[PDB]
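Shown next as structure tokens: one chain only, the form deposited in one PDB entry.
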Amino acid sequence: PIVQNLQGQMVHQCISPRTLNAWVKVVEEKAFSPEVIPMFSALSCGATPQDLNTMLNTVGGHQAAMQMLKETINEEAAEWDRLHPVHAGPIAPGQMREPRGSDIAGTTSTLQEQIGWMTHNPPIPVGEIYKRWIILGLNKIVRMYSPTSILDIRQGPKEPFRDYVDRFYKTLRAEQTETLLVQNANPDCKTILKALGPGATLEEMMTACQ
């Protein structure tokens, strides 16, 4: 990644064994749950496109999701190429070239070209654009990998309200309320909630129904 040294300059350091280790472990244990996206966003902080590529290639499962990510990255690279064309000819000697849509992904661009783009004034944050594309991929997979719809989440008769709210909101996060939450509740709890009315925080509902 690109870090700030003790002297006071931004230098490229080599990825630690733990960014890779924790990344493989979170994708292995948590699959593609929503909270897995922030991990990637936090583990890859300051990472180069090459580093992001290492993280993506380290995973050994869910290859269909990886192809989703591939297609998303190609669509975004085509949109970058369309929005920001770049000239060809000869790269000027001792000079920094423009980043293509394929360059941001790290397919053509090399690591020295990458750190040239990052250590610039003003810097071209190719890592941040690549992170944006990878994240768009990840949100897309996570949204379409949800096990059940929000309509399916309904509270059981013997189930506590807390568990129902937890299930409801984990499903709501997976697919990215107020009125819907009461509709799925059983006649118990709903008896008091309908009497509560509008303007009550989630905690008022869960306290009255505790």
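Each residue number is its position in the shown sequence, starting from 1. Shifts are known only where both forms have a C-alpha. Definition used throughout: the rigid core is the maximal C-alpha set that superposes within 1.5 Å between two forms.
Below, we turn to the form deposited in another entry, even though it does not appear here.
Relative to the superposed rigid core, the position of the CA of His120 differs between the shown form and the other one by less than 2 Å. In this overlay on the rigid core, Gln95 has a C-alpha that sits 2 Å or more away from its partner position between the shown form and the other one. Annotation: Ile91/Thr107 CA-CA distance longer in the other form than in the displayed model, change of at least 3 Å. Shown here is a form in which the CA atoms of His120 and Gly94 lie at least 3 Å farther apart than they do in the other form. In this core-based overlay, residues 87 to 97 form the only run of three or more whose Cα positions differ by 2 Å or more between the shown form and the other one.
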